[PDB]
>>> print(open('data_20.txt').read())   # compact mmCIF, N, CA and C atoms
# COMPACT_ATOMS: atom_id res chain seq x y z
N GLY Y 1 -17.27 -11.03 5.67
CA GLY Y 1 -17.08 -9.78 4.87
C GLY Y 1 -16.89 -10.06 3.40
N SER Y 2 -17.06 -9.03 2.58
CA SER Y 2 -16.92 -9.15 1.13
C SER Y 2 -15.47 -9.27 0.68
N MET Y 3 -15.24 -10.02 -0.40
CA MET Y 3 -13.89 -10.16 -0.95
C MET Y 3 -13.51 -8.93 -1.76
N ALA Y 4 -12.22 -8.80 -2.04
CA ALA Y 4 -11.75 -7.63 -2.80
C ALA Y 4 -12.23 -7.59 -4.25
N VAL Y 5 -12.40 -6.38 -4.75
CA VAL Y 5 -12.63 -6.15 -6.15
C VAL Y 5 -11.26 -5.92 -6.75
N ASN Y 6 -10.89 -6.78 -7.69
CA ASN Y 6 -9.62 -6.65 -8.38
C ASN Y 6 -9.66 -5.57 -9.45
N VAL Y 7 -8.50 -4.98 -9.72
CA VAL Y 7 -8.33 -3.96 -10.75
C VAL Y 7 -7.34 -4.45 -11.80
N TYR Y 8 -7.77 -4.38 -13.05
CA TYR Y 8 -7.03 -4.89 -14.18
C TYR Y 8 -6.69 -3.77 -15.14
N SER Y 9 -5.82 -4.05 -16.11
CA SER Y 9 -5.49 -3.05 -17.12
C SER Y 9 -6.72 -2.63 -17.95
N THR Y 10 -7.72 -3.51 -18.02
CA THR Y 10 -8.97 -3.27 -18.74
C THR Y 10 -10.06 -2.63 -17.87
N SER Y 11 -9.81 -2.50 -16.57
CA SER Y 11 -10.81 -1.90 -15.70
C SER Y 11 -10.89 -0.41 -15.97
N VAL Y 12 -12.10 0.13 -15.92
CA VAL Y 12 -12.28 1.58 -15.97
C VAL Y 12 -11.86 2.19 -14.65
N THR Y 13 -10.93 3.13 -14.73
CA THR Y 13 -10.40 3.80 -13.55
C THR Y 13 -10.21 5.29 -13.81
N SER Y 14 -9.96 6.00 -12.72
CA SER Y 14 -9.54 7.38 -12.82
C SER Y 14 -8.16 7.42 -13.47
N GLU Y 15 -7.81 8.59 -13.99
CA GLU Y 15 -6.47 8.85 -14.51
C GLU Y 15 -5.43 8.78 -13.38
N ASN Y 16 -4.18 8.52 -13.75
CA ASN Y 16 -3.06 8.55 -12.81
C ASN Y 16 -2.92 9.88 -12.11
N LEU Y 17 -2.37 9.84 -10.91
CA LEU Y 17 -2.11 11.02 -10.11
C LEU Y 17 -0.66 11.47 -10.20
N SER Y 18 -0.44 12.77 -10.08
CA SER Y 18 0.91 13.30 -10.00
C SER Y 18 1.57 12.81 -8.72
N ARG Y 19 2.90 12.86 -8.66
CA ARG Y 19 3.60 12.53 -7.42
C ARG Y 19 3.06 13.32 -6.23
N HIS Y 20 2.86 14.63 -6.42
CA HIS Y 20 2.36 15.50 -5.36
C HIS Y 20 0.99 15.06 -4.84
N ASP Y 21 0.08 14.81 -5.78
CA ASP Y 21 -1.30 14.45 -5.42
C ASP Y 21 -1.40 13.07 -4.81
N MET Y 22 -0.58 12.13 -5.30
CA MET Y 22 -0.52 10.80 -4.73
C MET Y 22 -0.02 10.85 -3.30
N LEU Y 23 1.05 11.59 -3.06
CA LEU Y 23 1.54 11.70 -1.70
C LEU Y 23 0.55 12.41 -0.79
N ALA Y 24 -0.13 13.42 -1.31
CA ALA Y 24 -1.18 14.10 -0.54
C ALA Y 24 -2.26 13.12 -0.10
N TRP Y 25 -2.67 12.23 -1.00
CA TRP Y 25 -3.65 11.19 -0.66
C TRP Y 25 -3.14 10.21 0.40
N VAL Y 26 -1.91 9.74 0.26
CA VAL Y 26 -1.32 8.85 1.26
C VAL Y 26 -1.30 9.54 2.61
N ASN Y 27 -0.83 10.78 2.62
CA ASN Y 27 -0.64 11.51 3.86
C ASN Y 27 -1.98 11.80 4.56
N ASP Y 28 -2.98 12.21 3.79
CA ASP Y 28 -4.32 12.46 4.33
C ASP Y 28 -4.99 11.19 4.85
N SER Y 29 -4.84 10.10 4.10
CA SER Y 29 -5.52 8.85 4.41
C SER Y 29 -4.97 8.22 5.68
N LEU Y 30 -3.64 8.25 5.83
CA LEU Y 30 -2.94 7.52 6.90
C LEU Y 30 -2.31 8.41 7.96
N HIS Y 31 -2.53 9.72 7.84
CA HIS Y 31 -1.96 10.71 8.74
C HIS Y 31 -0.43 10.59 8.73
N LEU Y 32 0.15 10.64 7.53
CA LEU Y 32 1.60 10.48 7.34
C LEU Y 32 2.21 11.77 6.79
N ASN Y 33 3.54 11.78 6.70
CA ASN Y 33 4.29 12.93 6.19
C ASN Y 33 5.29 12.58 5.09
N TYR Y 34 4.89 11.71 4.17
CA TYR Y 34 5.78 11.29 3.10
C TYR Y 34 6.03 12.43 2.14
N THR Y 35 7.27 12.49 1.65
CA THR Y 35 7.68 13.51 0.68
C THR Y 35 8.22 12.89 -0.59
N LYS Y 36 8.49 11.59 -0.56
CA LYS Y 36 9.00 10.88 -1.73
C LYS Y 36 8.21 9.60 -1.95
N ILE Y 37 7.89 9.31 -3.21
CA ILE Y 37 7.14 8.09 -3.56
C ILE Y 37 7.91 6.86 -3.07
N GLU Y 38 9.24 6.96 -3.05
CA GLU Y 38 10.10 5.84 -2.66
C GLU Y 38 9.91 5.43 -1.20
N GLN Y 39 9.33 6.30 -0.37
CA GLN Y 39 9.01 5.93 1.02
C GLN Y 39 7.98 4.80 1.12
N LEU Y 40 7.21 4.62 0.05
CA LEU Y 40 6.26 3.51 -0.01
C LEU Y 40 6.94 2.14 -0.11
N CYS Y 41 8.23 2.11 -0.42
CA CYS Y 41 8.94 0.85 -0.55
C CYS Y 41 9.10 0.06 0.74
N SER Y 42 8.78 0.67 1.89
CA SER Y 42 8.91 -0.02 3.17
C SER Y 42 7.78 -1.00 3.37
N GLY Y 43 6.66 -0.84 2.65
CA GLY Y 43 5.55 -1.78 2.75
C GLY Y 43 4.55 -1.46 3.84
N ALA Y 44 4.92 -0.60 4.79
CA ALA Y 44 4.07 -0.36 5.95
C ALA Y 44 2.76 0.35 5.61
N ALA Y 45 2.83 1.37 4.76
CA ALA Y 45 1.64 2.09 4.35
C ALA Y 45 0.66 1.19 3.62
N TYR Y 46 1.16 0.34 2.71
CA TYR Y 46 0.29 -0.66 2.04
C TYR Y 46 -0.44 -1.57 3.02
N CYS Y 47 0.25 -2.03 4.05
CA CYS Y 47 -0.37 -2.87 5.06
C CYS Y 47 -1.50 -2.12 5.77
N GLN Y 48 -1.25 -0.87 6.15
CA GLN Y 48 -2.26 -0.07 6.81
C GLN Y 48 -3.44 0.17 5.91
N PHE Y 49 -3.19 0.44 4.62
CA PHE Y 49 -4.29 0.68 3.69
C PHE Y 49 -5.18 -0.56 3.57
N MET Y 50 -4.56 -1.75 3.60
CA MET Y 50 -5.33 -2.99 3.55
C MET Y 50 -6.23 -3.14 4.77
N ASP Y 51 -5.74 -2.72 5.95
CA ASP Y 51 -6.54 -2.74 7.17
C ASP Y 51 -7.69 -1.75 7.08
N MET Y 52 -7.44 -0.60 6.45
CA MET Y 52 -8.48 0.40 6.25
C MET Y 52 -9.56 -0.11 5.29
N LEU Y 53 -9.15 -0.81 4.24
CA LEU Y 53 -10.09 -1.41 3.29
C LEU Y 53 -10.89 -2.56 3.88
N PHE Y 54 -10.19 -3.52 4.48
CA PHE Y 54 -10.80 -4.75 4.98
C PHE Y 54 -10.28 -5.07 6.39
N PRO Y 55 -10.82 -4.40 7.41
CA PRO Y 55 -10.33 -4.56 8.78
C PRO Y 55 -10.24 -6.02 9.18
N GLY Y 56 -9.06 -6.42 9.64
CA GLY Y 56 -8.83 -7.81 10.02
C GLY Y 56 -8.09 -8.65 9.00
N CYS Y 57 -7.88 -8.13 7.79
CA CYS Y 57 -7.25 -8.92 6.73
C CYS Y 57 -5.73 -8.98 6.85
N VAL Y 58 -5.17 -8.14 7.71
CA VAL Y 58 -3.73 -8.00 7.76
C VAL Y 58 -3.24 -8.06 9.20
N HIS Y 59 -2.11 -8.73 9.40
CA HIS Y 59 -1.56 -8.87 10.73
C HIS Y 59 -0.67 -7.69 11.08
N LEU Y 60 -1.29 -6.63 11.59
CA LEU Y 60 -0.57 -5.37 11.80
C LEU Y 60 0.44 -5.46 12.93
N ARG Y 61 0.24 -6.41 13.85
CA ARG Y 61 1.24 -6.67 14.90
C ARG Y 61 2.61 -7.07 14.33
N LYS Y 62 2.62 -7.57 13.10
CA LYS Y 62 3.87 -7.95 12.44
C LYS Y 62 4.53 -6.81 11.68
N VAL Y 63 3.81 -5.71 11.48
CA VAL Y 63 4.31 -4.63 10.63
C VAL Y 63 5.40 -3.83 11.33
N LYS Y 64 6.47 -3.57 10.59
CA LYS Y 64 7.57 -2.74 11.08
C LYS Y 64 7.36 -1.32 10.57
N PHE Y 65 6.98 -0.42 11.47
CA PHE Y 65 6.56 0.92 11.08
C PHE Y 65 7.72 1.90 10.91
N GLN Y 66 8.87 1.54 11.45
CA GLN Y 66 10.07 2.35 11.29
C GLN Y 66 11.17 1.59 10.54
N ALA Y 67 10.78 0.78 9.56
CA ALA Y 67 11.71 -0.05 8.79
C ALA Y 67 12.73 0.80 8.03
N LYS Y 68 13.99 0.39 8.07
CA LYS Y 68 15.05 1.12 7.38
C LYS Y 68 15.89 0.25 6.45
N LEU Y 69 15.77 -1.06 6.59
CA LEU Y 69 16.64 -1.98 5.86
C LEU Y 69 15.84 -2.88 4.97
N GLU Y 70 16.45 -3.31 3.87
CA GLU Y 70 15.78 -4.17 2.89
C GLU Y 70 15.06 -5.37 3.50
N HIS Y 71 15.72 -6.08 4.41
CA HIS Y 71 15.10 -7.25 5.02
C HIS Y 71 13.81 -6.89 5.77
N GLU Y 72 13.74 -5.67 6.32
CA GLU Y 72 12.55 -5.22 7.04
C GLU Y 72 11.46 -4.86 6.06
N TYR Y 73 11.85 -4.29 4.93
CA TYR Y 73 10.90 -4.01 3.86
C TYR Y 73 10.30 -5.31 3.34
N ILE Y 74 11.14 -6.32 3.07
CA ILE Y 74 10.65 -7.63 2.66
C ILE Y 74 9.69 -8.21 3.69
N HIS Y 75 10.03 -8.07 4.97
CA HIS Y 75 9.12 -8.48 6.03
C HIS Y 75 7.72 -7.90 5.87
N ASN Y 76 7.64 -6.59 5.68
CA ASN Y 76 6.33 -5.94 5.53
C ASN Y 76 5.59 -6.37 4.28
N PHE Y 77 6.30 -6.56 3.17
CA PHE Y 77 5.67 -7.10 1.98
C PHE Y 77 5.17 -8.54 2.10
N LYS Y 78 5.79 -9.35 2.96
CA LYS Y 78 5.26 -10.68 3.28
C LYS Y 78 3.90 -10.55 3.95
N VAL Y 79 3.80 -9.63 4.91
CA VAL Y 79 2.54 -9.29 5.55
C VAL Y 79 1.50 -8.82 4.52
N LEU Y 80 1.93 -8.01 3.56
CA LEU Y 80 1.02 -7.51 2.54
C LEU Y 80 0.56 -8.65 1.65
N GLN Y 81 1.49 -9.52 1.27
CA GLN Y 81 1.15 -10.64 0.40
C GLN Y 81 0.12 -11.56 1.04
N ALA Y 82 0.27 -11.79 2.34
CA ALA Y 82 -0.70 -12.60 3.08
C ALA Y 82 -2.08 -11.93 3.05
N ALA Y 83 -2.12 -10.61 3.18
CA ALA Y 83 -3.39 -9.90 3.15
C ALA Y 83 -4.04 -10.00 1.77
N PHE Y 84 -3.23 -9.88 0.73
CA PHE Y 84 -3.72 -10.06 -0.65
C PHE Y 84 -4.31 -11.46 -0.88
N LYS Y 85 -3.60 -12.49 -0.46
CA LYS Y 85 -4.13 -13.86 -0.55
C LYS Y 85 -5.48 -14.01 0.20
N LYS Y 86 -5.55 -13.50 1.42
CA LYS Y 86 -6.76 -13.58 2.24
C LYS Y 86 -7.97 -12.93 1.55
N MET Y 87 -7.73 -11.79 0.89
CA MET Y 87 -8.79 -11.02 0.24
C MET Y 87 -9.05 -11.37 -1.23
N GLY Y 88 -8.32 -12.34 -1.77
CA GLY Y 88 -8.50 -12.73 -3.16
C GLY Y 88 -7.97 -11.73 -4.17
N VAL Y 89 -6.97 -10.95 -3.77
CA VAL Y 89 -6.35 -9.98 -4.65
C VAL Y 89 -5.35 -10.73 -5.54
N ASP Y 90 -5.53 -10.62 -6.85
CA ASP Y 90 -4.72 -11.43 -7.77
C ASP Y 90 -3.53 -10.70 -8.41
N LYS Y 91 -3.36 -9.43 -8.06
CA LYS Y 91 -2.22 -8.63 -8.51
C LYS Y 91 -0.90 -9.17 -7.96
N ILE Y 92 0.07 -9.40 -8.83
CA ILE Y 92 1.39 -9.84 -8.39
C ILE Y 92 2.16 -8.64 -7.86
N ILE Y 93 2.65 -8.74 -6.63
CA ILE Y 93 3.48 -7.69 -6.05
C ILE Y 93 4.92 -7.94 -6.43
N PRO Y 94 5.55 -6.99 -7.15
CA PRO Y 94 6.95 -7.14 -7.51
C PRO Y 94 7.86 -6.78 -6.33
N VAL Y 95 7.85 -7.61 -5.30
CA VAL Y 95 8.53 -7.29 -4.04
C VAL Y 95 10.02 -6.99 -4.21
N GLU Y 96 10.77 -7.85 -4.89
CA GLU Y 96 12.18 -7.62 -5.10
C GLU Y 96 12.52 -6.26 -5.71
N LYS Y 97 11.74 -5.84 -6.68
CA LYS Y 97 11.97 -4.53 -7.28
C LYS Y 97 11.56 -3.37 -6.36
N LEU Y 98 10.45 -3.53 -5.65
CA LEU Y 98 9.97 -2.45 -4.79
C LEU Y 98 10.93 -2.15 -3.64
N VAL Y 99 11.43 -3.20 -2.98
CA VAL Y 99 12.24 -3.01 -1.77
C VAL Y 99 13.62 -2.42 -2.03
N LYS Y 100 14.07 -2.46 -3.28
CA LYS Y 100 15.31 -1.77 -3.66
C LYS Y 100 15.10 -0.26 -3.67
N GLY Y 101 13.84 0.16 -3.55
CA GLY Y 101 13.48 1.58 -3.52
C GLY Y 101 13.61 2.26 -4.87
N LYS Y 102 13.47 1.49 -5.95
CA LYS Y 102 13.55 2.04 -7.30
C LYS Y 102 12.31 2.86 -7.64
N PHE Y 103 12.51 4.06 -8.20
CA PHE Y 103 11.39 4.97 -8.48
C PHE Y 103 10.33 4.39 -9.42
N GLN Y 104 10.73 3.93 -10.60
CA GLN Y 104 9.76 3.47 -11.60
C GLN Y 104 8.83 2.37 -11.09
N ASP Y 105 9.40 1.36 -10.45
CA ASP Y 105 8.60 0.25 -9.93
C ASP Y 105 7.67 0.71 -8.81
N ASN Y 106 8.17 1.59 -7.95
CA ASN Y 106 7.38 2.09 -6.85
C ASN Y 106 6.26 3.01 -7.31
N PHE Y 107 6.54 3.79 -8.36
CA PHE Y 107 5.53 4.69 -8.90
C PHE Y 107 4.43 3.90 -9.62
N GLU Y 108 4.79 2.90 -10.42
CA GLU Y 108 3.78 2.05 -11.06
C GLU Y 108 2.90 1.30 -10.06
N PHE Y 109 3.53 0.76 -9.03
CA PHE Y 109 2.77 0.05 -8.03
C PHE Y 109 1.75 0.93 -7.31
N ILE Y 110 2.16 2.14 -6.91
CA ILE Y 110 1.24 3.00 -6.18
C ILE Y 110 0.10 3.50 -7.07
N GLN Y 111 0.37 3.65 -8.37
CA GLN Y 111 -0.70 4.04 -9.29
C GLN Y 111 -1.77 2.95 -9.34
N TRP Y 112 -1.34 1.70 -9.41
CA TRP Y 112 -2.27 0.58 -9.40
C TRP Y 112 -2.98 0.52 -8.05
N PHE Y 113 -2.22 0.65 -6.95
CA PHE Y 113 -2.79 0.49 -5.64
C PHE Y 113 -3.86 1.53 -5.34
N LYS Y 114 -3.64 2.78 -5.76
CA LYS Y 114 -4.65 3.83 -5.65
C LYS Y 114 -5.94 3.47 -6.39
N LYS Y 115 -5.82 2.92 -7.60
CA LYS Y 115 -6.99 2.44 -8.34
C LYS Y 115 -7.69 1.28 -7.61
N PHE Y 116 -6.90 0.32 -7.12
CA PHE Y 116 -7.42 -0.76 -6.27
C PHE Y 116 -8.15 -0.20 -5.04
N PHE Y 117 -7.54 0.76 -4.35
CA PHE Y 117 -8.15 1.36 -3.16
C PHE Y 117 -9.50 2.00 -3.50
N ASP Y 118 -9.51 2.81 -4.56
CA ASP Y 118 -10.73 3.50 -4.97
C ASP Y 118 -11.87 2.51 -5.30
N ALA Y 119 -11.52 1.36 -5.88
CA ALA Y 119 -12.51 0.34 -6.25
C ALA Y 119 -13.10 -0.38 -5.04
N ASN Y 120 -12.45 -0.25 -3.90
CA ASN Y 120 -12.76 -1.05 -2.70
C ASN Y 120 -13.16 -0.29 -1.44
N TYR Y 121 -12.80 0.98 -1.37
CA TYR Y 121 -12.95 1.73 -0.15
C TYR Y 121 -14.40 2.19 0.07
N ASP Y 122 -14.90 1.95 1.28
CA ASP Y 122 -16.30 2.19 1.66
C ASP Y 122 -16.52 3.47 2.49
N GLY Y 123 -15.48 4.26 2.70
CA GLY Y 123 -15.60 5.50 3.48
C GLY Y 123 -15.41 5.36 4.98
N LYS Y 124 -15.04 4.17 5.45
CA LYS Y 124 -14.96 3.98 6.90
C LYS Y 124 -13.85 4.83 7.54
N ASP Y 125 -14.07 5.24 8.78
CA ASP Y 125 -13.04 5.91 9.56
C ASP Y 125 -11.89 4.96 9.82
N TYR Y 126 -10.67 5.49 9.86
CA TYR Y 126 -9.50 4.70 10.17
C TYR Y 126 -8.61 5.41 11.18
N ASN Y 127 -8.40 4.75 12.31
CA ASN Y 127 -7.57 5.27 13.39
C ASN Y 127 -6.17 4.70 13.22
N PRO Y 128 -5.22 5.53 12.74
CA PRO Y 128 -3.86 5.04 12.52
C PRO Y 128 -3.06 4.73 13.80
N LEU Y 129 -3.55 5.17 14.96
CA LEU Y 129 -2.85 4.92 16.22
C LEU Y 129 -3.02 3.48 16.71
N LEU Y 130 -4.13 2.85 16.32
CA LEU Y 130 -4.47 1.53 16.86
C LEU Y 130 -3.46 0.43 16.54
N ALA Y 131 -2.90 0.46 15.33
CA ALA Y 131 -1.90 -0.52 14.90
C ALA Y 131 -0.53 -0.26 15.52
N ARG Y 132 -0.33 0.95 16.03
CA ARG Y 132 0.94 1.34 16.62
C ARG Y 132 0.89 1.22 18.14
>>> encode(input="data_20.txt", output="structure tokens")
Amino acid sequence: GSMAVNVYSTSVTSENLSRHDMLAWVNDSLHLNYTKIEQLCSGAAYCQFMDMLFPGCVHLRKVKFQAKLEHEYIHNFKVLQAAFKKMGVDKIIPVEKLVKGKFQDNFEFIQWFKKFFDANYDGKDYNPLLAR
């Protein structure tokens, strides 16, 4: 399969999305019910999005889908980091900041990730039940 297309500060991208529109995209894409951007700090949605982009790049059997504690969030980001390495994604994930559930760091990361997704997504169907 093809390697990831990286997104840089110099890459041409769409404009940033509002909190509402970003969550609408997450919810539609993954069949989720997120209401706060900070829910992305668990790492699980990122792992699923990587599977949707490049099926097989991520070890979804390791993903904690009902994570509630920092150590579980770090667990999921380890899974995400492995997927990034496998796909040649060169973006540094600020894991320590994200897992604290801080708004600013989580909002910046999802803005980048949406641009990354748009640069890479081929329109394939994604069954969110299969990983669960």
>>> residues_around(input="data_20.txt", residues="segment 39-46 of chain Y", least_positions_apart="5", cutoff="7 Å", atoms="only N, CA and C atoms", output="PDB file with N, CA and C atoms, keeping the file's coordinate frame")
ATOM      1  N   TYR Y  34       4.890  11.710   4.170  1.00  0.00           N
ATOM      2  CA  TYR Y  34       5.780  11.290   3.100  1.00  0.00           C
ATOM      3  C   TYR Y  34       6.030  12.430   2.140  1.00  0.00           C
ATOM      4  N   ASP Y  51      -5.740  -2.720   5.950  1.00  0.00           N
ATOM      5  CA  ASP Y  51      -6.540  -2.740   7.170  1.00  0.00           C
ATOM      6  C   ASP Y  51      -7.690  -1.750   7.080  1.00  0.00           C
ATOM      7  N   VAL Y  63       3.810  -5.710  11.480  1.00  0.00           N
ATOM      8  CA  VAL Y  63       4.310  -4.630  10.630  1.00  0.00           C
ATOM      9  C   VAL Y  63       5.400  -3.830  11.330  1.00  0.00           C
ATOM     10  N   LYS Y  64       6.470  -3.570  10.590  1.00  0.00           N
ATOM     11  CA  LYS Y  64       7.570  -2.740  11.080  1.00  0.00           C
ATOM     12  C   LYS Y  64       7.360  -1.320  10.570  1.00  0.00           C
ATOM     13  N   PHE Y  65       6.980  -0.420  11.470  1.00  0.00           N
ATOM     14  CA  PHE Y  65       6.560   0.920  11.080  1.00  0.00           C
ATOM     15  C   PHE Y  65       7.720   1.900  10.910  1.00  0.00           C
ATOM     16  N   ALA Y  67      10.780   0.780   9.560  1.00  0.00           N
ATOM     17  CA  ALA Y  67      11.710  -0.050   8.790  1.00  0.00           C
ATOM     18  C   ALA Y  67      12.730   0.800   8.030  1.00  0.00           C
ATOM     19  N   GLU Y  72      13.740  -5.670   6.320  1.00  0.00           N
ATOM     20  CA  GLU Y  72      12.550  -5.220   7.040  1.00  0.00           C
ATOM     21  C   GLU Y  72      11.460  -4.860   6.060  1.00  0.00           C
ATOM     22  N   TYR Y  73      11.850  -4.290   4.930  1.00  0.00           N
ATOM     23  CA  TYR Y  73      10.900  -4.010   3.860  1.00  0.00           C
ATOM     24  C   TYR Y  73      10.300  -5.310   3.340  1.00  0.00           C
ATOM     25  N   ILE Y  74      11.140  -6.320   3.070  1.00  0.00           N
ATOM     26  CA  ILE Y  74      10.650  -7.630   2.660  1.00  0.00           C
ATOM     27  C   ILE Y  74       9.690  -8.210   3.690  1.00  0.00           C
ATOM     28  N   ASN Y  76       7.640  -6.590   5.680  1.00  0.00           N
ATOM     29  CA  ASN Y  76       6.330  -5.940   5.530  1.00  0.00           C
ATOM     30  C   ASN Y  76       5.590  -6.370   4.280  1.00  0.00           C
ATOM     31  N   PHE Y  77       6.300  -6.560   3.170  1.00  0.00           N
ATOM     32  CA  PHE Y  77       5.670  -7.100   1.980  1.00  0.00           C
ATOM     33  C   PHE Y  77       5.170  -8.540   2.100  1.00  0.00           C
ATOM     34  N   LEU Y  80       1.930  -8.010   3.560  1.00  0.00           N
ATOM     35  CA  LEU Y  80       1.020  -7.510   2.540  1.00  0.00           C
ATOM     36  C   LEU Y  80       0.560  -8.650   1.650  1.00  0.00           C
ATOM     37  N   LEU Y  98      10.450  -3.530  -5.650  1.00  0.00           N
ATOM     38  CA  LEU Y  98       9.970  -2.450  -4.790  1.00  0.00           C
ATOM     39  C   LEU Y  98      10.930  -2.150  -3.640  1.00  0.00           C
ATOM     40  N   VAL Y  99      11.430  -3.200  -2.980  1.00  0.00           N
ATOM     41  CA  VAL Y  99      12.240  -3.010  -1.770  1.00  0.00           C
ATOM     42  C   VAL Y  99      13.620  -2.420  -2.030  1.00  0.00           C
ATOM     43  N   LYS Y 100      14.070  -2.460  -3.280  1.00  0.00           N
ATOM     44  CA  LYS Y 100      15.310  -1.770  -3.660  1.00  0.00           C
ATOM     45  C   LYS Y 100      15.100  -0.260  -3.670  1.00  0.00           C
ATOM     46  N   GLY Y 101      13.840   0.160  -3.550  1.00  0.00           N
ATOM     47  CA  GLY Y 101      13.480   1.580  -3.520  1.00  0.00           C
ATOM     48  C   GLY Y 101      13.610   2.260  -4.870  1.00  0.00           C
ATOM     49  N   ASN Y 106       8.170   1.590  -7.950  1.00  0.00           N
ATOM     50  CA  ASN Y 106       7.380   2.090  -6.850  1.00  0.00           C
ATOM     51  C   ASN Y 106       6.260   3.010  -7.310  1.00  0.00           C
TER      52      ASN Y 106
END
>>> closest_residue(input="data_20.txt", among="Y:81, Y:111, Y:120, Y:2", to="residue 93 of chain Y", atoms="only N, CA and C atoms")
Y:81
>>> select_by_dssp(input="data_20.txt", residues="chain Y", states="alpha helix (DSSP H)", output="VMD selection string")
chain Y and resid 19 to 30 44 to 53 70 to 87 95 to 99 103 to 120
>>> closest_residue(input="data_20.txt", among="Y:13, Y:48, Y:33, Y:27", to="residue 114 of chain Y", atoms="only C-alpha atoms")
Y:13
>>> atom_distance(input="data_20.txt", atom1="atom CA of residue 24 of chain Y", atom2="atom N of residue 3 of chain Y")
27.9 Å
>>> atom_distance(input="data_20.txt", atom1="atom CA of residue 125 of chain Y", atom2="atom C of residue 14 of chain Y")
23.6 Å
>>> closest_residue(input="data_20.txt", among="Y:103, Y:7, Y:91, Y:1", to="residue 36 of chain Y", atoms="only C-alpha atoms")
Y:103
>>> residues_near_point(input="data_20.txt", point="(-1.8, -2.8, -6.2)", cutoff="10 Å", atoms="only C-alpha atoms", output="list in words")
residues 6, 7, 8, 46, 84, 89, 90, 91, 92, 93, 94, 108, 109, 110, 111, 112, 113, 114, 115, 116 and 117 of chain Y
>>> residues_around(input="data_20.txt", residues="residue 58 of chain Y", least_positions_apart="4", cutoff="8 Å", atoms="only C-alpha atoms", output="ChimeraX atom specification")
/Y:47,50-51,79-80,82-83
>>> closest_residue(input="data_20.txt", among="Y:52, Y:22, Y:4, Y:11", to="residue 126 of chain Y", atoms="only C-alpha atoms")
Y:52
>>> axis_aligned_box(input="data_20.txt", around="segment 41-49 of chain Y", padding_each_side="8 Å", output="JSON")
{"center_x": 2.0, "center_y": -0.4, "center_z": 3.1, "size_x": 30.3, "size_y": 21.0, "size_z": 23.4}
>>> atom_distance(input="data_20.txt", atom1="atom C of residue 95 of chain Y", atom2="atom N of residue 70 of chain Y")
11.0 Å
>>> decode(input="data_20.txt", residues="segment 75-86 of chain Y", atoms="N, CA, C and O atoms", output="compact mmCIF listing (two decimals), in the first residue's frame")
# COMPACT_ATOMS: atom_id res chain seq x y z
N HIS Y 75 -1.61 4.68 26.71
CA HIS Y 75 -1.65 3.41 25.99
C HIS Y 75 -2.13 3.58 24.55
O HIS Y 75 -1.50 3.07 23.60
N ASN Y 76 -3.26 4.25 24.37
CA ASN Y 76 -3.78 4.44 23.01
C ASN Y 76 -2.89 5.30 22.12
O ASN Y 76 -2.76 5.02 20.94
N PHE Y 77 -2.28 6.33 22.69
CA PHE Y 77 -1.32 7.11 21.93
C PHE Y 77 -0.04 6.36 21.54
O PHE Y 77 0.57 6.71 20.54
N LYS Y 78 0.36 5.36 22.32
CA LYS Y 78 1.46 4.47 21.92
C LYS Y 78 1.07 3.71 20.66
O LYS Y 78 1.87 3.61 19.73
N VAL Y 79 -0.15 3.18 20.64
CA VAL Y 79 -0.72 2.54 19.47
C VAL Y 79 -0.74 3.51 18.26
O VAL Y 79 -0.36 3.13 17.13
N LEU Y 80 -1.11 4.76 18.50
CA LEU Y 80 -1.16 5.74 17.43
C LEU Y 80 0.23 6.04 16.92
O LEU Y 80 0.44 6.14 15.72
N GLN Y 81 1.18 6.18 17.84
CA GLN Y 81 2.56 6.48 17.45
C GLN Y 81 3.15 5.38 16.58
O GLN Y 81 3.84 5.67 15.61
N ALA Y 82 2.85 4.13 16.92
CA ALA Y 82 3.29 3.00 16.12
C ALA Y 82 2.69 3.08 14.71
O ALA Y 82 3.37 2.81 13.72
N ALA Y 83 1.43 3.47 14.61
CA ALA Y 83 0.79 3.59 13.31
C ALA Y 83 1.43 4.70 12.48
O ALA Y 83 1.64 4.56 11.28
N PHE Y 84 1.73 5.82 13.12
CA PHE Y 84 2.44 6.93 12.46
C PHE Y 84 3.81 6.49 11.93
O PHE Y 84 4.16 6.76 10.77
N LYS Y 85 4.60 5.82 12.75
CA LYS Y 85 5.89 5.28 12.30
C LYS Y 85 5.73 4.35 11.08
O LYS Y 85 6.46 4.48 10.08
N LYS Y 86 4.78 3.42 11.15
CA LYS Y 86 4.53 2.47 10.07
C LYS Y 86 4.20 3.16 8.74
O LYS Y 86 4.65 2.74 7.66
